[PDB]
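Given next, in structure tokens, is a single chain: the form deposited in one PDB entry.
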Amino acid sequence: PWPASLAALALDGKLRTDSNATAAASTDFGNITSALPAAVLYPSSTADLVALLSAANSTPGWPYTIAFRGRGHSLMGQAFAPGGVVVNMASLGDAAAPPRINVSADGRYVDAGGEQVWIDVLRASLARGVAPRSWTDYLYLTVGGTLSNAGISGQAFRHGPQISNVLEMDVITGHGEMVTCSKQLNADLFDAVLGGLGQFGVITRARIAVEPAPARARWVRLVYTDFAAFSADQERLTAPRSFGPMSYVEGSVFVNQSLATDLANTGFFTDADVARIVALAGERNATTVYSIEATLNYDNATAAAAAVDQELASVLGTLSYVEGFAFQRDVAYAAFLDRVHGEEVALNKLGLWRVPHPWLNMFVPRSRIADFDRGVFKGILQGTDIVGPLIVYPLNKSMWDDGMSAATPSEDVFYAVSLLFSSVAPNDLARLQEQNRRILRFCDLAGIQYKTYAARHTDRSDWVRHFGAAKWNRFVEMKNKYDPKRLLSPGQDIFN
């Protein structure tokens, strides 16, 4: 027997089973794994979400797991619902009204539907002279999707990840109950969902903190051949003083074998800059080159430009990058934030976007980053042609709420390490997948206590180690409270 509200979804054509629908919801950005769902739900309102979830909760024996597809940027099927129901979240935003993104009247925050993509949140915020303070490097991800992970970029060191910049949320638990939560109301759900990997319920609305939107960003890259100086400077730039003037701090690693190509692919360096850096590398006989990428946000004020030069000159004076290897660009704030979009378009038309992405994303404690550099950047990755950026930058644990579901290393400072390998060559995927296992194995043997990010584990012991025994028990307690039937986001392979 089908509940009335559930059948209604079928009648209205919102609950589809056609091969076209199931196929679209069976693959993701990873392009590595696939799983066809039994049906796809195209909700037009959050009421449709309650119907499905309420049905599953009241219907004994309900065999359909449910996933919430944001934009499917998951790497290993975390958004799939094998033989179940995949909710096409984007459908919640088809209606030209009511709006799915509303900047508060006081301009202190912006309400965004969970299905909304950050690029749109940005545009709707800029319209009101404000903007979220913590981003992701790529803006075509959903609010609910990044919040179910953490949401990190070069601003997280001072504003924390996106999950640390949410005032409250509307969540529909695995029981089918609509619940508004925050640090004051239903905090137990609020904390569980943030970094919760879609295990406790679906986020239909997230209240995102905003700050006055800067007009431009002074964009700089500093080059190093010495990892010690590179990491020391990234830490100096992101160390609590209150923080330094930098609005964003990230870093890149360039292996010597493909130095010129990767430097050119940054879209930042000119061929003249590339030549200088390649020469520098040879002079120092470096097998790896490092680049700090940082920005200084600022407004159109008449003195802004001059003030920026002085602030930047001052900050750079505290650093140790190779003399004369500071490279500057100055762009509109939005242009910087959406800087990766241009890369996607190019790669896609070139047929290099819709390919396997055996990406390795992890958090490495500061005390072992130098060891990671030696074993990975100067070790495992040496002797290979790298297509895709190798991103490395420090984060401050103080800006992360351990009470939430997201797991992080125990040290005060840890690095986000993102090796965005693209299986561009024919069937080069197997090598890359093996390489990532080798990197993780290297870390396990060196005793490096890392945390993976946006990655799913297929073994319970791994998820327990990921969260930590105590934090795991907490995760289970919340799972038993918000999704006892273990139906939500089975693709994470935590309870499925």
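Each form is matched to the other, and the largest set of C-alpha atoms that superpose within 1.5 Å is called the rigid core. All residue numbers refer to positions in the sequence shown, first residue = 1.
Form deposited in another entry: not shown, discussed below.
TODO: Tell which of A313, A105, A303, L350, after superposing on the rigid core, has its C-alpha displaced by 2 Å or more between this form and the one not shown, please.
DONE: Result of the superposition: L350 is the only one at 2 Å or more.
Open item on the list: After core superposition, I'd like to know whether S461 moves between this form and the one not shown (criterion: C-alpha shift of 2 angstroms or more).
Closed with: No; that C-alpha moves by less than 2 Å between this form and the one not shown.
Task: Rigid core fit then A215 CA moved by 2 Å or more between this form and the one not shown - done: Comparing forms between this form and the one not shown, the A215 CA shifts below 2 Å.
Task: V331 C-alpha shift between this form and the one not shown of 2 Å or more, rigid core reference - done: After core superposition, the C-alpha of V331 moves less than 2 Å between this form and the one not shown.
- [ ] Check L141 against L350 at the C-alpha atoms and report closer or farther in the other entry, compared with the shown form; the change is 3 Å or more.
- [x] Note: Cα gap between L141 and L350 shrinks in the other entry.
- [ ] Work out whether the Cα atoms of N265 and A425 come closer together or move farther apart in the other entry than they are in this form, the change being 3 angstroms or more.
- [x] It is farther: in the other entry, the C-alpha atoms of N265 and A425 lie at least 3 Å more apart than they do here.
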